[PDB]
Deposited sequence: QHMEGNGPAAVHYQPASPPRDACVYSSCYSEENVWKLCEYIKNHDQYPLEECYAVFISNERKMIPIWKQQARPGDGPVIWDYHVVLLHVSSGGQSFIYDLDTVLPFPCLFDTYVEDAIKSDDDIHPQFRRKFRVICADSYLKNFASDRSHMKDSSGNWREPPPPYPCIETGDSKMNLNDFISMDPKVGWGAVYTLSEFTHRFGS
(Lines of atoms letter the chains of each structure in order from A and count residues from 1; the text may use other names and numbers.)
(Lines give C-alpha, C1' and ligand atoms only; values in the text may rest on other atoms or scores of the structure.)
Protein backbone atom coordinates (compact mmCIF):
# COMPACT_ATOMS: atom_id res chain seq x y z
CA UNK A 1 0.00 0.00 0.00
CA UNK A 2 0.92 3.61 -0.59
CA UNK A 3 -0.70 6.64 1.00
CA UNK A 4 -1.17 9.84 -0.95
CA UNK A 5 -0.03 11.93 2.02
CA UNK A 6 -5.81 18.63 0.39
CA UNK A 7 -7.56 15.85 -1.53
CA UNK A 8 -10.52 17.07 -3.60
CA UNK A 9 -12.49 13.85 -3.26
CA UNK A 10 -15.78 15.83 -2.98
CA UNK A 11 -14.90 18.26 -5.79
CA UNK A 12 -17.95 19.92 -7.34
CA UNK A 13 -17.61 20.54 -11.09
CA UNK A 14 -17.32 24.13 -12.29
CA UNK A 15 -19.52 23.43 -15.34
CA UNK A 16 -22.69 21.52 -16.18
CA UNK A 17 -22.24 17.91 -17.31
CA UNK A 18 -20.61 17.40 -20.70
CA UNK A 19 -23.80 16.89 -22.66
CA UNK A 20 -25.34 20.09 -21.21
CA UNK A 21 -22.47 22.36 -22.32
CA UNK A 22 -22.37 24.50 -25.46
CA UNK A 23 -20.20 22.60 -27.93
CA UNK A 24 -19.17 22.67 -31.58
CA UNK A 25 -16.76 20.13 -33.05
CA UNK A 26 -13.46 21.75 -34.23
CA UNK A 27 -14.06 24.98 -32.28
CA UNK A 28 -12.52 24.01 -28.92
CA UNK A 29 -11.22 27.58 -28.44
CA UNK A 30 -14.84 28.76 -28.36
CA UNK A 31 -16.09 25.76 -26.38
CA UNK A 32 -13.56 26.67 -23.67
CA UNK A 33 -14.46 30.38 -23.91
CA UNK A 34 -18.09 29.45 -23.24
CA UNK A 35 -17.03 27.41 -20.19
CA UNK A 36 -15.11 30.43 -18.92
CA UNK A 37 -18.18 32.63 -19.46
CA UNK A 38 -20.32 30.15 -17.52
CA UNK A 39 -17.87 30.09 -14.62
CA UNK A 40 -17.71 33.89 -14.53
CA UNK A 41 -21.51 34.23 -14.40
CA UNK A 42 -22.23 31.32 -12.05
CA UNK A 43 -20.42 32.79 -8.99
CA UNK A 44 -19.39 29.40 -7.64
CA UNK A 45 -15.61 29.67 -8.09
CA UNK A 46 -13.24 32.62 -8.50
CA UNK A 47 -12.57 33.05 -12.22
CA UNK A 48 -8.88 33.51 -11.29
CA UNK A 49 -8.64 29.80 -10.39
CA UNK A 50 -9.36 28.91 -14.03
CA UNK A 51 -7.24 28.90 -17.19
CA UNK A 52 -7.67 28.41 -20.91
CA UNK A 53 -4.95 26.06 -22.10
CA UNK A 54 -3.92 26.06 -25.75
CA UNK A 55 -1.95 23.00 -26.84
CA UNK A 56 0.12 23.23 -30.05
CA UNK A 57 3.68 23.44 -31.38
CA UNK A 58 5.71 25.20 -34.07
CA UNK A 59 4.63 22.82 -36.83
CA UNK A 60 1.01 22.81 -35.59
CA UNK A 61 0.79 19.02 -35.37
CA UNK A 62 0.08 17.61 -31.90
CA UNK A 63 -1.21 14.15 -30.98
CA UNK A 64 -3.90 13.90 -28.30
CA UNK A 65 -5.14 10.50 -27.12
CA UNK A 66 -8.56 9.61 -25.64
CA UNK A 67 -10.31 11.94 -28.10
CA UNK A 68 -13.93 11.45 -29.13
CA UNK A 69 -13.11 12.03 -32.81
CA UNK A 70 -11.03 8.81 -32.94
CA UNK A 71 -12.34 6.23 -30.47
CA UNK A 72 -9.72 3.63 -29.60
CA UNK A 73 -6.06 3.69 -28.63
CA UNK A 74 -4.70 6.00 -31.35
CA UNK A 75 -4.24 9.76 -31.24
CA UNK A 76 -5.95 12.58 -33.07
CA UNK A 77 -3.38 14.87 -34.69
CA UNK A 78 -4.64 18.42 -34.21
CA UNK A 79 -3.19 21.70 -35.39
CA UNK A 80 -4.10 22.96 -31.89
CA UNK A 81 -6.52 22.01 -29.14
CA UNK A 82 -7.90 24.00 -26.20
CA UNK A 83 -9.00 22.74 -22.77
CA UNK A 84 -9.99 24.39 -19.50
CA UNK A 85 -7.82 23.98 -16.39
CA UNK A 86 -9.25 24.56 -12.91
CA UNK A 87 -6.66 24.81 -10.12
CA UNK A 88 -8.91 24.18 -7.13
CA UNK A 89 -8.18 26.07 -3.94
CA UNK A 90 -6.69 22.99 -2.24
CA UNK A 91 -4.20 22.62 -5.11
CA UNK A 92 -5.70 19.70 -7.03
CA UNK A 93 -6.06 20.59 -10.72
CA UNK A 94 -8.84 19.38 -13.02
CA UNK A 95 -9.04 19.40 -16.81
CA UNK A 96 -12.32 20.11 -18.64
CA UNK A 97 -12.07 18.79 -22.21
CA UNK A 98 -15.41 18.50 -23.97
CA UNK A 99 -13.63 16.41 -26.63
CA UNK A 100 -12.14 13.74 -24.33
CA UNK A 101 -13.56 10.29 -23.64
CA UNK A 102 -11.95 10.59 -20.19
CA UNK A 103 -14.21 11.95 -17.41
CA UNK A 104 -15.46 15.53 -17.65
CA UNK A 105 -13.86 16.91 -15.54
CA UNK A 106 -10.75 14.73 -15.15
CA UNK A 107 -7.99 14.87 -12.54
CA UNK A 108 -4.97 16.67 -14.00
CA UNK A 109 -2.46 13.83 -13.60
CA UNK A 110 -4.85 11.34 -15.18
CA UNK A 111 -5.44 13.63 -18.15
CA UNK A 112 -1.71 14.15 -18.69
CA UNK A 113 -0.92 10.42 -18.33
CA UNK A 114 -3.67 9.10 -20.61
CA UNK A 115 -4.57 11.89 -23.06
CA UNK A 116 -1.24 13.67 -23.42
CA UNK A 117 1.33 10.92 -22.60
CA UNK A 118 5.09 11.42 -22.41
CA UNK A 119 7.00 13.32 -25.08
CA UNK A 120 10.12 11.21 -24.37
CA UNK A 121 9.54 8.72 -27.21
CA UNK A 122 7.56 11.03 -29.49
CA UNK A 123 9.19 12.21 -32.70
CA UNK A 124 10.40 15.72 -31.79
CA UNK A 125 8.30 17.65 -34.33
CA UNK A 126 5.12 16.31 -32.64
CA UNK A 127 6.03 17.33 -29.10
CA UNK A 128 3.49 19.41 -27.19
CA UNK A 129 3.69 22.93 -25.78
CA UNK A 130 1.09 24.65 -23.61
CA UNK A 131 -0.05 28.27 -23.47
CA UNK A 132 -1.85 28.87 -20.17
CA UNK A 133 -4.06 31.99 -20.06
CA UNK A 134 -5.98 33.13 -16.98
CA UNK A 135 -9.69 32.80 -17.73
CA UNK A 136 -10.32 36.48 -16.97
CA UNK A 137 -7.68 37.50 -19.53
CA UNK A 138 -9.07 34.99 -22.02
CA UNK A 139 -12.57 36.45 -21.76
CA UNK A 140 -11.16 39.96 -21.97
CA UNK A 141 -8.81 39.47 -24.94
CA UNK A 142 -9.76 36.50 -27.14
CA UNK A 143 -11.37 37.21 -30.52
CA UNK A 144 -12.10 34.95 -33.49
CA UNK A 145 -13.89 35.76 -36.73
CA UNK A 146 -13.72 32.05 -37.72
CA UNK A 147 -11.98 32.94 -41.00
CA UNK A 148 -9.58 30.01 -40.50
CA UNK A 149 -12.48 27.54 -40.86
CA UNK A 150 -13.37 28.22 -44.50
CA UNK A 151 -12.18 26.40 -47.61
CA UNK A 152 -10.60 27.98 -50.69
CA UNK A 153 -14.04 29.04 -51.98
CA UNK A 154 -15.10 30.67 -48.70
CA UNK A 155 -17.37 27.85 -47.52
CA UNK A 156 -17.30 26.32 -44.04
CA UNK A 157 -14.95 23.39 -43.48
CA UNK A 158 -16.92 22.56 -40.32
CA UNK A 159 -20.26 24.15 -39.35
CA UNK A 160 -19.77 27.13 -37.04
CA UNK A 161 -21.07 27.53 -33.49
CA UNK A 162 -24.68 28.77 -33.42
CA UNK A 163 -24.04 32.28 -32.03
CA UNK A 164 -22.15 35.40 -33.19
CA UNK A 165 -18.37 35.48 -33.43
CA UNK A 166 -16.51 36.35 -30.26
CA UNK A 167 -14.97 39.81 -30.63
CA UNK A 168 -13.54 42.50 -28.36
CA UNK A 169 -13.20 46.25 -28.56
CA UNK A 170 -9.58 45.71 -29.62
CA UNK A 171 -9.78 42.84 -32.12
CA UNK A 172 -12.03 40.73 -34.30
CA UNK A 173 -9.37 38.04 -34.86
CA UNK A 174 -6.30 37.16 -32.80
CA UNK A 175 -6.56 33.35 -32.67
CA UNK A 176 -3.05 32.97 -34.10
CA UNK A 177 -1.65 34.77 -31.01
CA UNK A 178 -3.05 31.99 -28.79
CA UNK A 179 -2.04 29.09 -31.06
CA UNK A 180 1.49 30.51 -31.20
CA UNK A 181 3.87 29.08 -28.64
CA UNK A 182 6.29 31.97 -28.94
CA UNK A 183 6.39 33.51 -25.44
CA UNK A 184 7.06 36.94 -27.00
CA UNK A 185 3.55 36.80 -28.53
CA UNK A 186 0.13 36.95 -26.91
CA UNK A 187 -1.09 36.51 -23.35
CA UNK A 188 -0.36 34.02 -20.58
CA UNK A 189 2.63 31.75 -20.10
CA UNK A 190 4.11 29.14 -22.45
CA UNK A 191 5.32 25.78 -21.06
CA UNK A 192 6.94 22.68 -22.43
CA UNK A 193 5.19 19.47 -21.45
CA UNK A 194 7.59 18.79 -18.58
CA UNK A 195 7.30 22.41 -17.37
CA UNK A 196 3.52 22.18 -17.60
CA UNK A 197 3.35 18.99 -15.54
CA UNK A 198 5.94 20.30 -13.04
CA UNK A 199 3.85 23.46 -12.53
CA UNK A 200 0.35 21.97 -12.13
CA UNK A 201 0.83 18.27 -11.39
CA UNK A 202 0.47 16.74 -7.97
Original post:
Where are the holes in the model when you compare it to the deposited sequence?
Top reply: 6 to 7
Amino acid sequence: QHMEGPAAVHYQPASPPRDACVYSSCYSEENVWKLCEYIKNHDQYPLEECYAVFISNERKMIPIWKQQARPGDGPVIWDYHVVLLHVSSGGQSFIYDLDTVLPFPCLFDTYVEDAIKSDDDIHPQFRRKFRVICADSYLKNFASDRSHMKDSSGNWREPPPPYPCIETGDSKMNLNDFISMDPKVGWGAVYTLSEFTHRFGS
From here on, numbers count along this sequence of modelled residues.
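By rigid core we mean the largest C-alpha set that fits within 1.5 Å across both forms.
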**OP:** Any chance you could tell me whether 8 to 16 or 182 to 190 drifts more in 4 other deposited structures of this protein, judged by RMS CA distance from this form after superposing on the core?
**Re:** 8 to 16
**OP:** Look over 177 to 185 and 6 to 14 in the entry and identify the one with the greater average Cα temperature factor.
**Re:** 6 to 14
Original post:
According to the deposited model, is the average Cα temperature factor higher in 34 to 42 or in 63 to 71?
Top reply: 63 to 71
Original post:
With respect to the C-alpha temperature factors reported in the PDB entry, which of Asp109, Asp99, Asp120, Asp79 ranks highest?
Top reply: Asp120
Subject >> Third of chain Cα B-factors occupied by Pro105 >> reply: lowest
**OP:** Select lowest, middle or highest to describe the third in which the CA B-factor of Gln125 falls within its chain in this entry.
**Re:** lowest
Original post:
What third of the chain, by the recorded C-alpha B-factor, contains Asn57?
Top reply: lowest
Original post:
Should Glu29 be placed in the lowest, middle or highest third of its chain by the C-alpha B factor in the entry?
Top reply: lowest
Original post:
Looking at the C-alpha B-factor of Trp156, is it in the lowest, middle or highest third of its chain?
Top reply: highest
